[PDB]
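Undergrad: Got a sequence here, can you build the structure:
(13 chains, ligands or ions: 2)
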Amino acid sequence: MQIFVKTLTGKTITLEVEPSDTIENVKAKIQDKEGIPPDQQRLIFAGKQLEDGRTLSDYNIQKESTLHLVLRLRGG
Amino acid sequence: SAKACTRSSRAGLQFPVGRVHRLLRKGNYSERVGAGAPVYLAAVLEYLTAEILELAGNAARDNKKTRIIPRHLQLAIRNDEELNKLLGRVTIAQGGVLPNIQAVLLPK
Amino acid sequence: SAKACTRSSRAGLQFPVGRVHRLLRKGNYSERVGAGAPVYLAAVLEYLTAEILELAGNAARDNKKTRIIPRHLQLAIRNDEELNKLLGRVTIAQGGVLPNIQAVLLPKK
Amino acid sequence: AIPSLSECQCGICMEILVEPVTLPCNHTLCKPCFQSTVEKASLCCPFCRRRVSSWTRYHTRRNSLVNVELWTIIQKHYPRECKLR
Amino acid sequence: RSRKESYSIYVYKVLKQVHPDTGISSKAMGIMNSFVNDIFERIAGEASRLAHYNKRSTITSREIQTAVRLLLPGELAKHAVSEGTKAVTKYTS
Amino acid sequence: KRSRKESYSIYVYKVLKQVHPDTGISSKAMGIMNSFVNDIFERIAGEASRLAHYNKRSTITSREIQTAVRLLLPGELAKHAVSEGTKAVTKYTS
Amino acid sequence: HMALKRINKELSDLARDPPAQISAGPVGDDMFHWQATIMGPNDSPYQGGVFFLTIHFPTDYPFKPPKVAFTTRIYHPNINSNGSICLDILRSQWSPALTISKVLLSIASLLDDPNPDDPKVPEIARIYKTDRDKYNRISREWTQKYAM
Amino acid sequence: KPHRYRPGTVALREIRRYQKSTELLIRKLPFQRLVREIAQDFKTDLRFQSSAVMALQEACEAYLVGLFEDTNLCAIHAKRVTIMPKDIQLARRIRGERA
Amino acid sequence: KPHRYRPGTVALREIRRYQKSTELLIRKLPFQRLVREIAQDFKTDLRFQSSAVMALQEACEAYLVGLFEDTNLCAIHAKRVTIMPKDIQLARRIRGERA
Amino acid sequence: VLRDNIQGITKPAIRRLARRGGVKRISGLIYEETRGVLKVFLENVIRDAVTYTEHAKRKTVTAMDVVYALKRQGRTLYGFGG
Amino acid sequence: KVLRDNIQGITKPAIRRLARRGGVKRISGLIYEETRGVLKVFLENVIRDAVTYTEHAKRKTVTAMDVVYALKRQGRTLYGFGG
DNA sequence: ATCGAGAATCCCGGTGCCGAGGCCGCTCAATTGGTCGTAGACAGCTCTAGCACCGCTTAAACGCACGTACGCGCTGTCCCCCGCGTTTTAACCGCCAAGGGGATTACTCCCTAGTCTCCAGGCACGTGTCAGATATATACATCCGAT
DNA sequence: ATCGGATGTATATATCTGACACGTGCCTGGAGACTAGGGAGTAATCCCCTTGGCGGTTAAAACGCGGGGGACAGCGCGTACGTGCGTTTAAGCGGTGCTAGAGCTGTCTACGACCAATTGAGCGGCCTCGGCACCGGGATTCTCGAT
Ligand SMILES: [Zn+2]
Ligand SMILES: [Zn+2]
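TA: Residues are numbered from 1 along each chain as shown, chains lettered A, B, ... in the order given. Ligands and ions are numbered 1, 2, ... in the order given. Please find the structure below.
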């Protein structure tokens, strides 16, 4: 299933992920294909935060959904 | 300076900028508090504290001790001129007084 | 009171209540002001100013003058004990000095 | 005995000293570097890192920061370096 | 133009209450105004400090009463406390 | 348990270690330091508040604190405090 | 002004006695901007890793610290992904007497071992302190793919 | 033939006259010039309102009168009628002005 | 035959000893009882924390030390060595404590 | 009820305070004066201390009340809080 | 247009009049120099604070309110000039 | 000028104890993010008074002569703090025990800041007249030399 | 012990003038009605710190005596300061000119207040060991009566 994520830098990324994959799994996959660390990633769907422990399918997220990525810059 | 870190480190101070900001806001001093006031106040407080502590440590070293005691603080405050003028009304508990005997009373 | 007249008249006070309340609220003293604080403060202020004005008027009338001048205010403040203690560290412009001479300086018999 | 040349140079700016100041830690450096340290640094001596706030505050009132005997030997030993500055 | 507030006519009313005929010059009026303002500042500051000292957030009558008891000497403190209590009692009804 | 009581103990200890690396401090001296810090804070803040109210303003900016420091402190302590305040504010801004 | 002369002497000293396992050069003709190359120490899990960093000198030197960033990316507890470096000597107690060669040596030393006291990211520091192997294998998978 | 008072009498008369009077004692223009000279040291080319100068001079007179009263008390304490600078120094040091 | 110190050389020794110490000099229980008497005169059935009486004693000791310093200065000004109640009254008057 | 406790401040205590002050020769008529001035000062401080501990609806005199009373009189004290 | 040695403006009869108001019958010959010195010290102390108060407000003319505020902070309240 | 004996004080070494510098667990407030009402930073205009100048007084300052009274040094007397020794007293330390009330939590209720609308109390402005500051001419308090 | 100048101060009377008491327009701030929500009052509970008490012991306070040093009274002097008068100086008062700068108005943009979530700096509690207190011994240094 293809989903769309939007970052703060104006870059849109398409993820080929299944609903069975948990939040940790999708974080690992997006880190592998984009480099952004999973911990610094905050996921926003319909204006809500997504918890790592629960699975992605718990959010009732369907094909071509829109996600927002939040980067937590610490230090500097 | 770069953001996204603790405020006490951005200014290079040790006193808490956030605590000073909260005290200024909730101290009934003014309706609004600027963003540069707590840093300035923290810097001044740190300077004064370091200035007193250095002289106190010098007095402690002179007294062959390796610990700061109220007598050392009193010696450091009173021996200096500017700090004596500033702290001219306070009274350090268990501090004593400087050794001073009038020249007339000395034996001839 | 009747809850229909002015606050100063309701409290029987010549000093204002609204102005004192506004100054207490906008003076950066507390986030809240009680409903009775301005009345108490105005009463205290009126009592002290009445006392000083009475003493100054008595001193002025003693000096064969019908107007109160700063010299009379200084005499009234300094002669009384409590007023002098309350206003010990204040200077009256064009107030002068109480007339006194040390007993040693007086001429011998 | 001898002021020499390599030891004479300021440890910060690599230049000739101008009105040298002697820190309580027996560190010597030129007045421009010390001044720029006051309003653009941590107010402590860079080398051995000891605070000199009290010494500077005491000396600035009487204007005794400059080392007269060192400045005299600097003038008499290297007039050519001093005249350029 | 601009407006400046003062305690002029109030002091004049008190003076006429205590002395029907005696007048007052301008400089004496300025001195009385300055004294009233200074006493107000002192009492308000003491009341605010007392309110802060007990983790409160209001200034009711009792803080003003305690500030008056602190600032003024004995007989004047007693008279001011009595007058303030009477004024509050009359105003509340 | 007992309610938290804020204090300046750790900060004064850090400053003391920064100045003298091998010198301790007793508890009574710590109390003296806390009282001194509170007193200086109260003085500076009150002077700044009065000086800002004198100008019909409603904000305590850095200028008010600078002028309060200039008024309260003696001749040389005031200059050094102003210099290090400019230090901190310039380093914080950029 | 006077800063460029100090930079010239410092670069001459760098060239005459280059430190082992650190390299630096002028990224551009303009003097302030510099580039540097670092490769990991032998006693580290970063073997065979080459890394590029860019340093920008301030207007006045050395009274203010010089800004440093990593154009490449490193997986370290004390460095962000964007390249910001939390170094105690760099910002908290930077002194004019120090030279940027000492700064690079400090960077190498921090690359050898992180600092518990001021972690850049608390999570990675928690990972580092909790045990050894779970940082070992991410470091091992990370080093070769990004360096080469 | 000429008539002159014994020393110490016209001094007492001057004391009695001046204690009753209220007008300022120091001349206006020299005090204004002194204030301007002292002020220009801290900052250049200031301008002074008249009321500020008057208030400064009034505070000056009050302070000097108080200091002289304390000095006279010290002098009488020392079993003397004349005041001398040591009396002024003692009065200032007890008050804590100089410390 | 016994070694008796000349009158005067013991006061200086006591001054040197006491100006070097930091201990309290007034007794504990008598001062506490006096404080309790004053308090019960002001208000009945009061209780005192130990730090309260400690602070009261510290303040009283510092104030009395300052008063005796000023009294000694006045006595030395009077061309004397002994201190007398007139010196204390004058010091209090000049300090503004009595007026 | 306590009566005549001002005599608890005995002569040697006054002498020790005077020696710390820096005097060499003390008259014999000064002890009553010192006792009187000490009593006046104690009354003045304790009045404000009691007023503070009475405004707060308490019944004990904490060190905070005393420190505040001293601070009100231009006699700031360090050591017991603040 | 600078000014020099205007401290001599405070004249000996003026100091004599001030002492007479204070209640002094006999005056020594060295009083005047000490009086002038104390005067200059007090005036400098007040003027520094007044000038600082003026400088904060971005003004160029010191006002009676500035002097009153400086005196009040210095420990000597003044009445009659507005406050 | 000094020698030496009695006495007070400082150095040094050994022993012991208690508080302070560090570690661990945890609860709350500082940080980051964004949004939104308004405060003062700035430009322009007005128009007040602060500064500079001049001229005419006459009030205050000044230098000098002369007398005198008191600040200071010296001498003498006496008396009263001081140093020391002996005796009495209560401060101080440790211990135990009872309980008053200071601090805390949970609940509720009502006091007041906030908003909006309406109107008069006091302020800026202009005006009348008399309280008193000034000038002039008597009447008494007070000081000084000399009886 | 007063007397007679002789000075200065106090007292009675005209006068005219600038400031104080007062009338008036109006507008901005004070007054009145409604509400909601958080601060403060009230009740119940815990245990911390205050108060009261008794036995030992001993450092400190109290009392008494000899006397030496300082407080104080009196004498003498000579010099600095007070008093008065002729003369030089600049403060004081009036009038005019001008512009630097205080004060207010109109825009609007950027700084600061508010609310939620969150997690790490900082606070409460425990603990162990080293720095400081105490004792015993000796070495050092002021001190004074007799030379
Ligand atoms: Zn240099
Ligand atoms: Zn150094």
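
Undergrad: For the rest of this, base every contact and every neighbour count on C-alpha atoms.
TA: Will do.

Undergrad: Would you state the helices of chain E in chain order?
TA: E:8-18, E:26-53, E:61-71, E:74-91 (DSSP state H).

Undergrad: Kindly report the same for chain H.
TA: For chain H, helices defined by DSSP H occupy the ranges H:9-20, H:28-42, H:50-77, H:85-95.

Undergrad: Are the longest one and DNA strand L in contact anywhere?
TA: To tie it back to what came earlier, the one meant is helix H:50-77. Yes - using CA under 7 Å from any atom of the strand, helix H:50-77 comes into contact with DNA strand L via residue H:50.

Undergrad: re the thing from before, which stretch among the helices of chain E is buried most, on average?
TA: Counting by mean count of other CA atoms under 10 Å in any protein chain shown, helix E:61-71 has the highest mean neighbour count of these, with a mean of 21.

Undergrad: Next, count neighbours for the closest residue to chain I within chain B.
TA: For chain B, the residue closest to chain I is residue B:96, as judged by CA to the nearest CA, at 4.9 Å. Counted with other CA atoms under 10 Å in any protein chain shown, the neighbours of residue B:96 add up to 23.

Undergrad: To which secondary structure element type does it belong?
TA: coil (DSSP: H, G, I helix; E, B strand; the rest coil).

Undergrad: Tell me who's in contact with it.
TA: B:71, B:74, I:19, I:20, I:21, I:22, I:23 (CA atoms under 8 Å, 6 or more residues apart in numbering or on different chains).

Undergrad: rerun at 10 Å
TA: Going by CA atoms under 10 Å, 6 or more residues apart in numbering or on different chains, residue B:96 touches B:70-71, B:74-75, I:18-24, I:61-62, I:65, J:20.

Undergrad: Ok, residue G:78 next?
TA: The contact partners of residue G:78, by CA under 10 Å, 6+ apart, come to A:75, G:84-87, G:110-111, G:113-116, G:118-122, G:124-125.

Undergrad: hmm, 6 Å instead?
TA: For residue G:78, the residues meeting the contact criterion (CA atoms under 6 Å, 6 or more residues apart in numbering or on different chains) are G:119, G:120.

Undergrad: Ok, the one 3 residues further on next?
TA: Residues counted as contacts of residue G:81 (CA under 6 Å, 6+ apart): none.

Undergrad: rerun that using 8 Å as the cut-off
TA: With CA under 8 Å, 6+ apart, residue G:81 has these contacts: A:36, A:37, G:73, G:74, G:75.

Undergrad: Show me what stretch A:64-76 is in contact with.
TA: In contact with stretch A:64-76 (CA under 8 Å, 6+ apart) are residues A:1-8, A:40-46, B:2-5, G:80, G:84-86, G:120-121.

Undergrad: now do 7 Å
TA: Stretch A:64-76 has contacts (CA atoms under 7 Å, 6 or more residues apart in numbering or on different chains) with A:2-8, A:40-45, B:2-5, G:84-86, G:120-121.

Undergrad: from memory residue J:27 sits against residue I:86, does it?
TA: No - at 11.2 Å, residue J:27 does not count as touching residue I:86 under the criterion of CA atoms under 7 Å.

Undergrad: And these two? Which one has more around it.
TA: Shown here are residue J:27 and residue I:86; by other CA under 10 Å, residue I:86 has more neighbours (15 against 11).
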